[PDB]
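Below you'll find the structure, written out as structure tokens, and then a few comments.
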Amino acid sequence: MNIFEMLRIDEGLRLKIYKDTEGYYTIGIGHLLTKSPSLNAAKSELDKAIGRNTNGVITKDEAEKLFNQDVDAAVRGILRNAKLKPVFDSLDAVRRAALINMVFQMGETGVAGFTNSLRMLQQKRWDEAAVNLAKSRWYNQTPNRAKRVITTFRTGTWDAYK
Ligand code: NA
Ligand code: NA
């Protein structure tokens, strides 16, 4: 298991524009296109992201290309963020992947606002951090996925992704 396989499990793969769990136009492996309710706006973002006129459909290779860019962006966003970087640097590789997963799903700014959870993770109070992470809109709206990510933070193992 690794961050790419973990996020493939959590995000799936769909080659036509679809709406994500929040109702937003998305394609590929959780590649958010736009929050606009306009399918035309989403199609425009997609063509711009892929570099051709796609008419809302991409190939698996193209989906994987966007996915790698999005994973890289999540890692880079963590490392550029004054609140997320010390937490990331303090963690083992498995828990680092859990943090990348959260940033991929909710964004750098969103995760950086989890001040109390981040402190508990920095303190390596794993059960406490897991309890705090679940007191969130994130957990309530996507509980099965949040449970997997939280278990990864709690245990430092890949047990939730078997
Ligand atoms: Na330490
Ligand atoms: Na997540």
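First listed ligand is number 1; within each ligand, the first listed atom is number 1. Sequence positions, counted from 1, serve as the residue numbers for this chain. Keep in mind that the numbers below use all heavy atoms, side chains included, and drop hydrogens, waters and symmetry copies.
Around the Na ion (ligand 2), protein N, O or S atoms at less than 3.0 Å comprise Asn101 OD1, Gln105 OE1.
Here the rule is side-chain contact (heavy atoms from CB on, under 4.5 Å) with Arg145, and of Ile9, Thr21, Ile150, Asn101 only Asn101 fits it.
Listed by first and then second residue, the ring pair (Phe, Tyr, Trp, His ring centres under 6.0 Å) pairs that reach into residues 122-155 come to none, sequence neighbours excluded. The ring pair (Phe, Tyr, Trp, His ring centres under 6.0 Å) contacts involving residues 94-124 comprise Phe67-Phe104, where partners must be two or more places apart or lie in separate chains.
Using modelled atom types, one finds a donor on one side chain and an acceptor on the other under 3.5 Å when comparing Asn116 with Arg119. There is a side-chain donor-acceptor pair under 3.5 Å between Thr155 and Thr157.
With sequence neighbours excluded, the residues that form a side chain to side chain donor-acceptor pair (under 3.5 Å) with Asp92 are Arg95.
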